[PDB]
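This report refers to the structure that appears directly beneath it.
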Amino acid sequence: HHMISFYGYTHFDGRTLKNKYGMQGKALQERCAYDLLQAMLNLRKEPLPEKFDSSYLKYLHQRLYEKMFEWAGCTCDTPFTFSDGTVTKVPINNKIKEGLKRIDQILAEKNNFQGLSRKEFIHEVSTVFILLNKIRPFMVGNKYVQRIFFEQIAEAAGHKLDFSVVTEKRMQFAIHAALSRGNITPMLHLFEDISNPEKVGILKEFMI
Amino acid sequence: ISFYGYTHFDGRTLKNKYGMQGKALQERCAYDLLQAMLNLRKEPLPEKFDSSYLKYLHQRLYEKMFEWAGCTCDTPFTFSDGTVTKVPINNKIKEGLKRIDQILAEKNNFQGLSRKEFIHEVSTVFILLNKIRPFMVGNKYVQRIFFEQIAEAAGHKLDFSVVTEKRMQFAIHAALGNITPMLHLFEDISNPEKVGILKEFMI
Amino acid sequence: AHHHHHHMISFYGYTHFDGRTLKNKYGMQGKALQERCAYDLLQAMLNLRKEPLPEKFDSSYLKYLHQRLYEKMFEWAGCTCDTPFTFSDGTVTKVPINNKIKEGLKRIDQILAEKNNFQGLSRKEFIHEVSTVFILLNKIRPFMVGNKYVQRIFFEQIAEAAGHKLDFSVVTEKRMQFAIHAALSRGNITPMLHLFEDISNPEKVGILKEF
């Protein structure tokens, strides 16, 4: 809210994102959601990649917001220049670049988490998932691109993740647990329920 | 709803056939409404979709609850106790419904159309049917069933279950005119693949 | 019957000195407690489905469900609150005055025995039988914590054995709350009958999901 305004991603008003539509208010939210839904549809049409890295993450962020924002596949660790000459600011000590480099070597060394048991898969993904949340590569749209990212990683690893049955409060606490101490246990519990089809089915019977 | 004399002197309780009030009324109304929707599906589709069929849908849904089942609010209704309702000035309901009947007749119930053409045709009538409020209560349910059956007869399918109350409210406000949000709505709705994606984000 | 969190659970000595945290075997509090409880509860429900349905449904089986769900969570797993419970720290619980739990469970057992676990009944007869026992099982609160979940599984298994099916997923929290309050205040069981009638009807359940 104030973060997006501080680093010069909004207009002089202080809350309206600089967009390609030139829209504001509810009209902007509607137009953004429509293109975002279309982008997700085309992404599923595309086959899964052979290697998952930070570059692919930026590609996902690009495909999702290229019709809305000029800084689509760009991370906020570096100042962006709009087409009107205006520039953005960078959060001090962000550690985004060093963070993404770490994620890339892990996904390379562990062979994209392929050829693993689901129990082994959960323990490996949970660490990377938390790290990708500690650093916020993109200014806007982190939640969606991270969700799609790990959903496709899982599918390539023979496992399946269903994020539809996790509440916002559960995810917030799991992240808060190992970023405010170092308790990955709630996150482990999250992915274990999520990667378990029988448990997902039961959760759907209580999703009300 | 209170201003047009559809409730009791208390100010919040709709005049009903049950003589019930409060939470008990909401429960009883919903129960018969659910039964009514089931019975409506039991019945076959009509040959022609017009305002008369719209009133018929409204009748079947609320005939066990309200005495003004198949009645529009463009004309004063007389309850069985002598009390009368009021009519919104310059409602334009009668002329509005007459226009809808002519459109659905000339365009052959939106049949034999492409999906793109179907969206642009339904959205126009849907907005018009929202600009005017034919019934005092129960517009949302009768309009949904109305256009769902129109769509099914036109070879296309609409899933209104994945629309939030806020999105529909904005879509109506936009063209009341910007019809683009309404077009975006119906385009997502008539797209089975998009409906599935929307279901994956219903927290 | 308490309000805005339970002073009742605190008064009968089921919570810690803070006044809102249930005495648990993990020694956790707050959101951490909620997470572990939900996780263990989900695991327990999964294991309950693996085992086959019982031959007879009684109050003992009800306690069994409550045990399996909360045995990793609470020391008083399969225990009803009609009898004082002693924690492993020497502390004892109190018993709600005029609870009527013992007579209530005894009646339910007699009903389920005479009516053959509601098997061999018409759908209409099944509704009137389940609704009565459900209300009675709600009028008395056998367990201090966890009544909603154990009752749901209880009647879901009873129904499945009776050839009928109950889908509680299409019931809002407000509808159930009104239905219970209706036949507890010469009681109006009509909202309860309407609830179970919609629930045991696959066609109505399908429509409810679309609305």
Quiz item: So how much slack lies between A:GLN114 and A:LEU131, counting 0.36 nm per residue of separation and subtracting their Cα-Cα distance, in nm?
Solution: 4.2 nm
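Suppose the chain between B:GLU148 and B:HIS8 were pulled fully straight at 0.36 nm per residue; how much longer would it get relative to their current alpha carbon spacing?
On the way: separation 140, 0.36 × 140 = 50.40 nm, distance 3.41 nm.
Here the answer is 47.0 nm.
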Quiz item: Computed FRET efficiency, Cβ-Cβ of C:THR91 and B:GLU63, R0 56 Å: what is it to the nearest 0.05?
Solution: 0.40
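Identify the GluC sites (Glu not before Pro) of segment C:50-91 meeting these criteria: DSSP loop state and at most 10 other C-beta atoms within 10 Å of the C-beta.
Values: sites: C:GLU55, C:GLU71, C:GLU75; in loops: C:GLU55, C:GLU71, C:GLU75.
Sites meeting the loop and neighbour criteria: C:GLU55.
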Quiz item: From the residues C:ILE199, B:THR72, A:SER180, which one has its Cα farthest along the dipole of the protein assembly as shown in the positive direction, the dipole being from +1 and -1 charges on Cβ of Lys/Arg and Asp/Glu about the Cα centre?
Solution: A:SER180
Exercise. With runs of 4+ DSSP H residues as the only contributors, calculate the mean residue ellipticity of chain B at 222 nm using -39,500 (n - 2.57) per run, divided by the residue total and rounded to the nearest 500.
Key: -16500 deg cm²/dmol
Quiz item: What is the calculated FRET efficiency for C:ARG107 to C:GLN177, with r their C-beta to C-beta distance and R₀ = 25 Å, to the nearest 0.05?
Solution: 0.55
Quiz item: Going down the list A:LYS95/A:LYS199; A:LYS169/C:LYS63; C:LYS139/C:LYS165, which pairs span over 27 Å between their C-alpha atoms?
Solution: A:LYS95/A:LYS199; A:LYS169/C:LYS63
Quiz prompt | Table column - 3J(HN,Hα) (Hz), segment B:12-26, Karplus curve with 6.51, -1.76, 1.60, x for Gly and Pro | solution = 8, 9, 4, 5, 10, 6, 8, x, 9, 9, x, 4, 4, 5, 5
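A:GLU168 to A:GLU98: extension gain in nm, 0.36 nm per residue of separation minus the Cα-Cα distance?
Going from the current span to full extension adds 22.4 nm.
Explain nothing, just the number: dipole magnitude of chain B about its Cα centre with +1 on each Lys and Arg Cβ and -1 on each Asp and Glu Cβ, in debye rounded to the nearest 20. Walk me through the intermediate numbers first.
Details: 28 positive and 23 negative charges, 74 e Å.
Dipole of chain B, to the nearest 20 debye: 360 debye.
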Practice problem: Tell me which residues come under 5 Å, amide H to amide H, from A:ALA157 once H is placed; ignore anything under 5 positions away on its chain. | Solution: none
Quiz item: Based on the alpha carbon coordinates of segment A:42-142, what radius of gyration and maximum Cα-Cα distance (Dmax) apply, in Å?
Solution: 15.3, 51
Self-check item: Candidate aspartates and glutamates - alpha carbon under 12 Å from A:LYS18, same-chain residues fewer than 8 apart omitted
Solution: A:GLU70, A:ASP84
Quiz item: Which ³J(HN,Hα) values in Hz, rounded to whole numbers, follow from the phi angles of segment A:38-53 under the Karplus curve 6.51 cos²θ - 1.76 cosθ + 1.60, where θ = phi - 60° and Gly and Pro get x?
Solution: 5, 5, 5, 5, 6, 5, 6, 5, 6, x, 5, x, 7, 9, 9, 9
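How big is the equivalent ellipsoid of segment C:1-58 along its three axes, where each semi-axis is √(5λ) from the Cα gyration tensor, reported in whole Å from largest to smallest? Don't skip to the answer; put the middle values down first.
Numbers: eigenvalues 165, 57, 18 Å².
Computed over segment C:1-58, the values are 29, 17, 10 Å.
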Quiz item: A:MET23 label point, 7 Å along Cα→Cβ, cut-off 18 Å on backbone N: hits in segment B:147-176?
Solution: B:163-176
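Take the alpha carbon gyration tensor of the protein assembly as shown, find the square roots of its eigenvalues, order them as a ≥ b ≥ c, and report rounded if a/c is under 1.5; if not, report prolate when a/b exceeds b/c, else oblate.
Numbers: a/c = 1.90, a/b = 1.01, b/c = 1.87.
The shape class here is oblate.
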Self-check item: Cleavage-rule hits, trypsin sites (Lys or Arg not before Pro), segment C:1-75, DSSP coil, Cβ neighbours within 10 Å at most 16
Solution: C:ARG20, C:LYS25, C:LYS56
Exercise. Give a residue-ordered list of calculated ³J(HN,Hα) values for segment A:197-203 (Karplus: 6.51 cos²θ - 1.76 cosθ + 1.60, θ = phi - 60°; whole Hz; x for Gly, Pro).
Key: x, 5, 6, 5, x, 5, 4
Self-check item: Over chain A, equivalent-ellipsoid semi-axes from the Cα gyration tensor in Å
Solution: 30, 20, 18
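Readers should treat all values here as calculations from the given coordinates under stated rules, not as data from a laboratory. Neighbour counts run over all protein chains shown; Cβ positions are idealised from the backbone, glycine included.
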